[PDB]
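*Asks:* Structure: entry-v3.pdb, PDB, C-alpha atoms.
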ATOM      1  CA  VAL A   1     -12.223 -16.166 -21.712
ATOM      2  CA  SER A   2      -9.228 -16.042 -24.050
ATOM      3  CA  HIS A   3      -5.605 -15.337 -23.118
ATOM      4  CA  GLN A   4      -2.027 -15.824 -24.252
ATOM      5  CA  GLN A   5       0.158 -18.291 -22.342
ATOM      6  CA  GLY A   6       1.917 -16.557 -19.459
ATOM      7  CA  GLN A   7      -0.977 -14.232 -18.764
ATOM      8  CA  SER A   8      -3.053 -14.689 -15.626
ATOM      9  CA  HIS A   9      -6.722 -15.379 -15.039
ATOM     10  CA  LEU A  10      -8.992 -15.045 -12.000
ATOM     11  CA  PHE A  11     -12.050 -17.339 -12.094
ATOM     12  CA  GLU A  12     -14.984 -16.078 -10.057
ATOM     13  CA  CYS A  13     -17.195 -18.277  -7.934
ATOM     14  CA  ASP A  14     -20.533 -16.436  -8.041
ATOM     15  CA  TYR A  15     -22.476 -18.831  -5.822
ATOM     16  CA  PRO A  16     -23.913 -17.212  -2.658
ATOM     17  CA  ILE A  17     -22.534 -18.627   0.605
ATOM     18  CA  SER A  18     -24.523 -17.792   3.750
ATOM     19  CA  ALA A  19     -23.796 -20.819   5.951
ATOM     20  CA  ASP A  20     -21.089 -20.548   8.633
ATOM     21  CA  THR A  21     -19.689 -23.911   7.549
ATOM     22  CA  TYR A  22     -19.250 -24.848   3.899
ATOM     23  CA  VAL A  23     -17.068 -26.541   1.318
ATOM     24  CA  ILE A  24     -15.805 -25.091  -1.960
ATOM     25  CA  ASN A  25     -14.455 -27.095  -4.907
ATOM     26  CA  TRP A  26     -13.072 -25.840  -8.200
ATOM     27  CA  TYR A  27     -13.609 -28.124 -11.185
ATOM     28  CA  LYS A  28     -11.784 -28.419 -14.496
ATOM     29  CA  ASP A  29     -13.715 -30.370 -17.155
ATOM     30  CA  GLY A  30     -15.706 -32.080 -14.391
ATOM     31  CA  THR A  31     -12.716 -33.069 -12.241
ATOM     32  CA  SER A  32     -11.946 -31.403  -8.901
ATOM     33  CA  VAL A  33      -8.717 -29.388  -9.053
ATOM     34  CA  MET A  34      -9.161 -27.835  -5.608
ATOM     35  CA  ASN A  35     -11.073 -28.466  -2.397
ATOM     36  CA  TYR A  36     -11.531 -26.273   0.668
ATOM     37  CA  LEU A  37     -13.426 -26.550   3.951
ATOM     38  CA  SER A  38     -14.383 -23.270   5.641
ATOM     39  CA  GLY A  39     -11.718 -22.159   8.117
ATOM     40  CA  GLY A  40      -9.188 -24.557   6.604
ATOM     41  CA  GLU A  41      -6.685 -24.385   3.739
ATOM     42  CA  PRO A  42      -7.077 -24.980  -0.012
ATOM     43  CA  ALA A  43      -5.798 -28.263  -1.416
ATOM     44  CA  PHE A  44      -4.945 -28.217  -5.113
ATOM     45  CA  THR A  45      -5.360 -31.495  -6.977
ATOM     46  CA  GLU A  46      -5.108 -33.299 -10.335
ATOM     47  CA  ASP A  47      -3.988 -30.824 -13.041
ATOM     48  CA  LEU A  48      -3.439 -28.013 -10.521
ATOM     49  CA  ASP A  49      -1.339 -30.164  -8.227
ATOM     50  CA  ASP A  50       2.374 -29.284  -8.009
ATOM     51  CA  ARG A  51       1.502 -25.884  -9.493
ATOM     52  CA  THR A  52       3.319 -23.051  -7.749
ATOM     53  CA  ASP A  53       1.448 -20.331  -9.670
ATOM     54  CA  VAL A  54      -2.109 -21.173  -8.552
ATOM     55  CA  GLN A  55      -3.892 -19.448  -5.655
ATOM     56  CA  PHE A  56      -7.145 -19.598  -3.742
ATOM     57  CA  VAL A  57      -8.196 -15.965  -3.529
ATOM     58  CA  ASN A  58     -10.295 -14.407  -0.750
ATOM     59  CA  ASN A  59     -11.287 -17.938   0.309
ATOM     60  CA  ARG A  60     -13.428 -18.255  -2.824
ATOM     61  CA  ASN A  61     -11.896 -17.557  -6.227
ATOM     62  CA  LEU A  62      -9.382 -19.438  -8.359
ATOM     63  CA  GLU A  63      -6.319 -17.626  -9.664
ATOM     64  CA  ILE A  64      -3.969 -19.098 -12.250
ATOM     65  CA  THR A  65      -1.072 -16.652 -12.475
ATOM     66  CA  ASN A  66       0.945 -18.391 -15.204
ATOM     67  CA  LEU A  67      -1.484 -19.731 -17.821
ATOM     68  CA  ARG A  68      -0.317 -22.736 -19.841
ATOM     69  CA  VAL A  69      -1.918 -24.048 -23.014
ATOM     70  CA  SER A  70      -2.699 -27.211 -21.023
ATOM     71  CA  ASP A  71      -4.829 -25.108 -18.631
ATOM     72  CA  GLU A  72      -7.405 -24.904 -21.431
ATOM     73  CA  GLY A  73     -10.798 -26.228 -20.357
ATOM     74  CA  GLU A  74     -14.100 -25.588 -18.610
ATOM     75  CA  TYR A  75     -13.958 -24.264 -15.048
ATOM     76  CA  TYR A  76     -16.599 -23.763 -12.373
ATOM     77  CA  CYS A  77     -16.942 -23.730  -8.587
ATOM     78  CA  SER A  78     -19.267 -25.942  -6.549
ATOM     79  CA  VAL A  79     -20.457 -24.966  -3.075
ATOM     80  CA  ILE A  80     -21.891 -27.220  -0.363
ATOM     81  CA  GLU A  81     -23.354 -25.611   2.748
ATOM     82  CA  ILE A  82     -23.280 -27.598   5.987
ATOM     83  CA  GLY A  83     -26.164 -27.561   8.461
ATOM     84  CA  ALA A  84     -29.890 -26.891   8.656
ATOM     85  CA  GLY A  85     -31.321 -25.619   5.377
ATOM     86  CA  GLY A  86     -27.878 -26.077   3.841
ATOM     87  CA  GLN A  87     -27.915 -25.568   0.089
ATOM     88  CA  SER A  88     -25.673 -26.833  -2.704
ATOM     89  CA  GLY A  89     -24.899 -25.546  -6.184
ATOM     90  CA  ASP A  90     -22.549 -24.583  -8.995
ATOM     91  CA  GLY A  91     -21.136 -21.234 -10.007
ATOM     92  CA  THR A  92     -21.082 -20.038 -13.613
ATOM     93  CA  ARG A  93     -19.057 -22.187 -16.034
ATOM     94  CA  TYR A  94     -16.146 -20.543 -17.866
ATOM     95  CA  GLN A  95     -14.421 -21.784 -21.009
ATOM     96  CA  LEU A  96     -10.704 -20.983 -20.864
ATOM     97  CA  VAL A  97      -8.901 -20.667 -24.183
ATOM     98  CA  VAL A  98      -5.111 -20.216 -24.152
ATOM     99  CA  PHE A  99      -3.040 -19.382 -27.250
ATOM    100  CA  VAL A 100       0.693 -19.384 -27.856
TER     101      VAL A 100
ATOM    102  CA  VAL B   1     -37.016 -49.562  -7.367
ATOM    103  CA  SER B   2     -40.825 -49.795  -7.338
ATOM    104  CA  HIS B   3     -42.709 -49.742  -4.035
ATOM    105  CA  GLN B   4     -46.179 -49.210  -2.596
ATOM    106  CA  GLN B   5     -46.581 -46.229  -0.273
ATOM    107  CA  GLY B   6     -45.827 -47.292   3.298
ATOM    108  CA  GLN B   7     -42.937 -49.519   2.284
ATOM    109  CA  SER B   8     -39.382 -48.542   3.236
ATOM    110  CA  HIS B   9     -36.254 -48.139   1.142
ATOM    111  CA  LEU B  10     -32.554 -47.870   1.882
ATOM    112  CA  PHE B  11     -30.487 -45.949  -0.666
ATOM    113  CA  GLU B  12     -26.816 -46.944  -0.721
ATOM    114  CA  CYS B  13     -23.928 -44.571  -1.118
ATOM    115  CA  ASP B  14     -21.412 -46.795  -2.918
ATOM    116  CA  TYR B  15     -18.658 -44.187  -3.188
ATOM    117  CA  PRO B  16     -15.467 -45.392  -1.461
ATOM    118  CA  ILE B  17     -14.407 -43.028   1.333
ATOM    119  CA  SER B  18     -10.790 -43.275   2.472
ATOM    120  CA  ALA B  19     -10.251 -39.630   3.500
ATOM    121  CA  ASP B  20     -10.468 -38.625   7.161
ATOM    122  CA  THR B  21     -12.380 -35.418   6.476
ATOM    123  CA  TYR B  22     -15.234 -35.462   3.978
ATOM    124  CA  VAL B  23     -18.753 -34.289   3.196
ATOM    125  CA  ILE B  24     -21.667 -36.445   2.090
ATOM    126  CA  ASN B  25     -24.799 -35.121   0.393
ATOM    127  CA  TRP B  26     -27.880 -36.987  -0.727
ATOM    128  CA  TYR B  27     -29.642 -35.631  -3.788
ATOM    129  CA  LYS B  28     -33.225 -36.015  -4.958
ATOM    130  CA  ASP B  29     -33.774 -34.970  -8.586
ATOM    131  CA  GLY B  30     -30.589 -32.881  -8.451
ATOM    132  CA  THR B  31     -31.509 -31.043  -5.246
ATOM    133  CA  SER B  32     -29.767 -31.717  -1.930
ATOM    134  CA  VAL B  33     -32.059 -33.331   0.640
ATOM    135  CA  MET B  34     -29.313 -34.047   3.190
ATOM    136  CA  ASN B  35     -25.824 -32.852   4.051
ATOM    137  CA  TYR B  36     -23.252 -34.267   6.440
ATOM    138  CA  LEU B  37     -19.723 -33.242   7.413
ATOM    139  CA  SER B  38     -17.591 -36.044   8.905
ATOM    140  CA  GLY B  39     -17.718 -35.823  12.696
ATOM    141  CA  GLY B  40     -20.942 -33.846  12.541
ATOM    142  CA  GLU B  41     -24.633 -34.650  12.232
ATOM    143  CA  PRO B  42     -26.876 -35.169   9.213
ATOM    144  CA  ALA B  43     -29.086 -32.235   8.257
ATOM    145  CA  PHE B  44     -32.157 -33.126   6.214
ATOM    146  CA  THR B  45     -33.343 -30.462   3.805
ATOM    147  CA  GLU B  46     -35.972 -29.634   1.167
ATOM    148  CA  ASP B  47     -38.365 -32.589   0.692
ATOM    149  CA  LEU B  48     -36.783 -34.566   3.550
ATOM    150  CA  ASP B  49     -36.941 -31.702   6.039
ATOM    151  CA  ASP B  50     -39.233 -32.422   9.010
ATOM    152  CA  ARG B  51     -39.528 -36.158   8.269
ATOM    153  CA  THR B  52     -39.473 -38.342  11.371
ATOM    154  CA  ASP B  53     -39.252 -41.499   9.239
ATOM    155  CA  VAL B  54     -36.012 -40.562   7.467
ATOM    156  CA  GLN B  55     -32.585 -41.616   8.786
ATOM    157  CA  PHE B  56     -28.876 -41.343   7.919
ATOM    158  CA  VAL B  57     -27.557 -44.871   8.383
ATOM    159  CA  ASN B  58     -24.031 -45.925   9.383
ATOM    160  CA  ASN B  59     -22.787 -42.434   8.504
ATOM    161  CA  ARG B  60     -23.446 -42.804   4.762
ATOM    162  CA  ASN B  61     -26.759 -44.359   3.663
ATOM    163  CA  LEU B  62     -30.239 -42.857   3.270
ATOM    164  CA  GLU B  63     -33.244 -44.617   4.780
ATOM    165  CA  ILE B  64     -36.841 -43.599   4.133
ATOM    166  CA  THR B  65     -38.986 -45.811   6.348
ATOM    167  CA  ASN B  66     -42.461 -44.606   5.356
ATOM    168  CA  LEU B  67     -42.353 -43.962   1.605
ATOM    169  CA  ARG B  68     -44.818 -41.413   0.208
ATOM    170  CA  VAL B  69     -45.834 -41.091  -3.430
ATOM    171  CA  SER B  70     -44.078 -37.708  -3.386
ATOM    172  CA  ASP B  71     -40.816 -39.470  -2.416
ATOM    173  CA  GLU B  72     -40.464 -40.852  -5.940
ATOM    174  CA  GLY B  73     -37.622 -39.477  -8.047
ATOM    175  CA  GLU B  74     -33.923 -40.052  -8.654
ATOM    176  CA  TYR B  75     -31.533 -40.331  -5.709
ATOM    177  CA  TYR B  76     -27.747 -40.428  -5.453
ATOM    178  CA  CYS B  77     -25.008 -39.503  -2.975
ATOM    179  CA  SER B  78     -22.107 -37.134  -3.647
ATOM    180  CA  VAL B  79     -18.885 -37.283  -1.667
ATOM    181  CA  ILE B  80     -16.297 -34.533  -1.355
ATOM    182  CA  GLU B  81     -12.974 -35.450   0.247
ATOM    183  CA  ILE B  82     -11.142 -32.666   2.060
ATOM    184  CA  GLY B  83      -7.368 -32.295   1.981
ATOM    185  CA  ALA B  84      -4.372 -33.223  -0.150
ATOM    186  CA  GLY B  85      -5.238 -35.457  -3.085
ATOM    187  CA  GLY B  86      -8.891 -35.150  -2.093
ATOM    188  CA  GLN B  87     -11.273 -36.530  -4.699
ATOM    189  CA  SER B  88     -14.982 -36.036  -5.283
ATOM    190  CA  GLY B  89     -17.636 -38.035  -7.071
ATOM    191  CA  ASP B  90     -21.150 -39.419  -7.167
ATOM    192  CA  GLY B  91     -22.511 -42.756  -6.047
ATOM    193  CA  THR B  92     -24.778 -44.795  -8.325
ATOM    194  CA  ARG B  93     -28.065 -43.118  -9.308
ATOM    195  CA  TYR B  94     -31.216 -44.890  -8.128
ATOM    196  CA  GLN B  95     -34.693 -44.408  -9.560
ATOM    197  CA  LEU B  96     -37.646 -44.794  -7.201
ATOM    198  CA  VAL B  97     -41.298 -45.261  -8.129
ATOM    199  CA  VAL B  98     -43.881 -45.092  -5.322
ATOM    200  CA  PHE B  99     -47.503 -46.006  -6.002
ATOM    201  CA  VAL B 100     -50.729 -45.933  -4.008
TER     202      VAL B 100
END
As structure tokens, what does this structure read like?

*Replies:*
Amino acid sequence: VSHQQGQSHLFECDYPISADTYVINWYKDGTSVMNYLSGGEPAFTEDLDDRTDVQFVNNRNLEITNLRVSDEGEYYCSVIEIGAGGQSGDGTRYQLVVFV
Amino acid sequence: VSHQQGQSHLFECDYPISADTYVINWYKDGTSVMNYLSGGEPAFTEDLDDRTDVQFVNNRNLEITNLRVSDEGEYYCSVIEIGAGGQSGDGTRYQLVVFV
């Protein structure tokens, strides 16, 4: 995915969630930039901390409304299901390129 | 770790957990064999499903009391912290050989 700074991007988590209770994290270059427990609220961390232009969309997807060059990197979601037969996995990885 | 079948082994999750709300998973060869949400109960899955000799110890460690040859593989814990500044990471990877 390639964009100019100031554009927006929505990153899609394409991992199936069937459990009633589950956790979602968004990762940037292998570091968690957001965590969420089902029924709770998103907590943005590391590079996405203090960012007013980031949103957790439909309790799943990651929106960066005001892309910076520093937002460049690899992004993916990780899901952990809680309970019997609970599964765990990663969504598709996306390489974000941002130009001036 | 190299053990004869019938021996026991305790796998240690050495990830520091300071957060109040968190999730612990144990992985075997990259596949989750147990999940746990703080305040909840462990759920054993995949190869550890329906094992009466497996236990979640002191709310973090993995005990297999009656090792089978099929139990061999690589094990590690993953922790996800929930909330502001929440981190996530893996414990040390352990390699288990079980022989007849």

*Asks:* Quick check on the file I pasted: which residues fall under the PyMOL selection byres ((chain B) within 9 of (chain A))? Write them as a PyMOL selection string.

*Replies:* chain B and resi 23+25+31-37+41-46+49+80-89

*Asks:* Lay chain B over chain A with a least-squares fit on all the C-alpha atoms, paired in sequence, and tell me the RMSD.

*Replies:*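 Answer to one decimal place: 0.3 Å.
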
*Asks:* In Å to one decimal, how far is atom CA of residue 74 of chain A from atom CA of residue 90 of chain B?

*Replies:*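 If I compute the distance from atom CA of residue 90 of chain B to atom CA of residue 74 of chain A, I get 19.3 Å.
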
*Asks:* For a test of reading the model, state the distance in Å between atom CA of residue 73 of chain A and atom CA of residue 19 of chain B, rounded to one decimal.

*Replies:*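 Taking atom CA of residue 73 of chain A as the start and atom CA of residue 19 of chain B as the end point, the length is 27.4 Å.
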
*Asks:* Could you please give me, as a PyMOL selection string, the residues of protein, DNA or RNA lying at most 7 Å from (-2.1, -16.6, -18.0) in the coordinate frame of the file, considering only C-alpha atoms?

*Replies:* chain A and resi 3-9+64-68

*Asks:* Go ahead and compute the interatomic distance for atom CA of residue 61 of chain B and atom CA of residue 14 of chain B, in Å to one decimal.

*Replies:*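 That distance, rounded to one decimal, is 8.8 Å.
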
*Asks:* What do you get, as a count of residues only, if you spell out every residue that the PyMOL selection byres ((chain A and resi 77) around 8) selects here?

*Replies:* 14

*Asks:* Which one of A:10, A:55, A:99, A:20 sits closest to residue 70 of chain A if you count all atoms listed in the file?

*Replies:*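 Ranking A:10, A:55, A:99, A:20 by distance to residue 70 of chain A, first place goes to A:99.
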
*Asks:* Excluding residue 60 of chain A and residues on its chain fewer than 2 positions from it, collect all residues at most 8 Å away from it, counting all atoms listed in the file, and give them as a PDB file with C-alpha atoms, in the frame of the given file.

*Replies:*
ATOM      1  CA  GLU A  12     -14.984 -16.078 -10.057  1.00  0.00           C
ATOM      2  CA  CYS A  13     -17.195 -18.277  -7.934  1.00  0.00           C
ATOM      3  CA  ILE A  24     -15.805 -25.091  -1.960  1.00  0.00           C
ATOM      4  CA  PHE A  56      -7.145 -19.598  -3.742  1.00  0.00           C
ATOM      5  CA  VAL A  57      -8.196 -15.965  -3.529  1.00  0.00           C
ATOM      6  CA  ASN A  58     -10.295 -14.407  -0.750  1.00  0.00           C
ATOM      7  CA  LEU A  62      -9.382 -19.438  -8.359  1.00  0.00           C
TER       8      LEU A  62
END

*Asks:* How big is the axis-aligned box around all listed atoms of segment 80-95 of chain A once 3 Å goes on each side, and where's its centre, in Å to one decimal, as AutoDock Vina command-line options?

*Replies:*
--center_x -22.9 --center_y -23.8 --center_z -6.2 --size_x 22.9 --size_y 13.6 --size_z 35.7

*Asks:* Need the shell around residue 1 of chain B: protein/DNA/RNA residues with any atom at most 7 Å away, counting only C-alpha atoms. Skip same-chain ones fewer than 5 positions apart. Format as a ChimeraX atom specification?

*Replies:* /B:95-97
